[PDB]
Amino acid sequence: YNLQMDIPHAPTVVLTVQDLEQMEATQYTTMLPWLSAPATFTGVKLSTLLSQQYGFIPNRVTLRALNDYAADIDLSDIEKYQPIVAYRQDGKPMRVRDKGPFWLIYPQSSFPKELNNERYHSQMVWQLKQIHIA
């Protein structure tokens, strides 16, 4: 249950949950449609993860889940809202058969009108296992 990142002119990198824990941590507290109460997520900013593995922030990346659901994320949204690849919810790891080990989280509660809609909910890929340039 790792995170495969496809790199254009370099080998595909396989990141573990430990690899993300060793990167700069960001925490967001937010409500989301799948939660019973707001939760605090700990993760690495997608911008940080992409720059450290691609050496730049691409125009658009595709995130793919365990079940092959795929969603695209745009540079503008990465810059404006700074979503995180979460690896911890309320300080605990997320079970891999539920939404773990990785879940793309936007800080919905910090930008309610912009983010609380299906346009952004559909980008919050849980059981995240692959990233590639779109």
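The first residue of the sequence shown is number 1, and the count goes up from there.
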>> Using only C-alpha atoms and the B-factors in the entry, which stretch averages higher, 54 to 62 or 99 to 107?
In response: 54 to 62
> With respect to the recorded C-alpha B factors, which stretch has the higher mean value, 11 to 19 or 120 to 128?
Replying inline: 11 to 19
>> Quiz for you: based on the deposited Cα B-factor, which of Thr26, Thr40, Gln82, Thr48 is highest?
In response: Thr48
> If you rank the chain by CA B-factor, which third does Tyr69 end up in: lowest, middle or highest?
Replying inline: middle
> So where's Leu35 on the chain's Cα temperature factor ranking, which third?
Replying inline: highest
